[PDB]
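Undergrad: In the deposited numbering, the protein residues as written are 1 to 168.
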Ligand SMILES: CC(C)C[C@H](NC(=O)[C@@H]1C[C@H](N)CN1C(=O)CC[C@@H](NS(=O)(=O)c1ccc(NC(=O)c2ccc(C(N)=O)cc2)cc1)C(=O)O)C(=O)N(C)[C@@H](CCC(=O)O)C(=O)NCCCCC(N)=O
Ligand SMILES: O=P([O-])(O)O
Ligand SMILES: [Ca+2]
Ligand SMILES: [Ca+2]
Ligand SMILES: [Ca+2]
Ligand SMILES: [Zn+2]
Ligand SMILES: [Zn+2]
């Protein structure tokens, strides 16, 4: 079933804040923003968690792209291997999600990697979800493309364990 980080860390608030510092050239900026939004919404759908975008100063979830050493001491590794990473909820680095720009970022294709799926996956980590044993779960330790995506019961009960279900 579902898993969390060792000390079960979580946001002390439902109103979360995100900022996109950098883009990938692989996708249109507008299409990146829609991918990051839609990724936030798979989790917002089933919790009282609300993600609101800001365009300057420290946010909860600082989003960027980078390659190799990108100034956090967790280097990326070129094409494939690490696609991305997120930090468990916390101040500063806590919940910050980074994507390796040595990857080919795509949407709606089996070729390269869906920014939306990896982001959804990564944002799981940023809410305090670890990997899960269900091979169909979004918090699977493996990337898998599907054209038509739905949050598994495993991922819903895990996030609702921390933050409760949809009140709306
Ligand atoms: C940069 C990392 C080292 C940070 C780490 N986070 C992780 O270790 C996470 C959790 C887990 N251990 C995997 N993680 C990774 O960062 C690995 C990267 C990535 N690995 S991946 O590239 O091989 C990978 C694997 C799987 C996917 N999956 C998908 O994209 C995907 C899955 C499923 C589906 C589908 N079809 O359903 C579609 C797509 C994508 C990428 C991933 O899993 O995101 C972490 O949170 N810490 C070390 C924390 C430790 C926290 C703790 O232990 O309590 C830390 O010390 N942070 C310092 C400060 C933060 C807290 C504070 N403010 O005080
Ligand atoms: O490259 P991974 O994320 O499938 O291990
Ligand atoms: Ca890589
Ligand atoms: Ca942060
Ligand atoms: Ca790229
Ligand atoms: Zn990083
Ligand atoms: Zn992961």
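Note that CB positions come from ideal geometry on N, CA and C, so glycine has one too.
#1: For residue 141, verify whether its CB is less than 8 Å away from any heavy atom of ligand 2.
#2: When you compare the CB positions of residue 36 and residue 18, do they come within less than 9 Å of one another, or not?
#3: Would the beta-carbon of residue 170 be found less than 8 Å away from any heavy atom of ligand 6?
#4: What are the complete beta strand (DSSP E) segments, minimum 3 residues, inside the segment 79–130?
#5: For residue 88, count neighbouring C-beta atoms within 10 Å of its own C-beta (all shown protein chains included) and say buried if the count is 16 or more, exposed if not.
#6: Identify, in the order they occur along the chain, each residue of the same chain with its Cβ nearer than 6 Å to the Cβ of residue 96, setting aside the five sequence neighbours on each side.
#7: For residue 122, which residues from the same chain have a beta carbon less than 6 Å from its beta carbon, with the 5 sequence-adjacent residues on both sides left out?
#8: Which value, in whole angstroms, describes the spacing of the CA atoms of residue 20 and residue 67?
#9: Identify the continuous alpha helix (DSSP H) that holds residue 163 and give its terminal residues.
#10: Runs of 3 residues minimum, wholly inside the segment 6–79: which ones carry the beta strand (DSSP E) assignment?
TA: Inspection of the coordinates gives the following:
#1: yes
#2: yes
#3: The chain is shown from 1 up to 168; residue 170 falls before or after that span and cannot be answered.
#4: 84–86, 97–100
#5: buried
#6: 62, 87
#7: 84, 86, 97
#8: 16 Å
#9: 153–163
#10: 15–20, 50–53, 61–66
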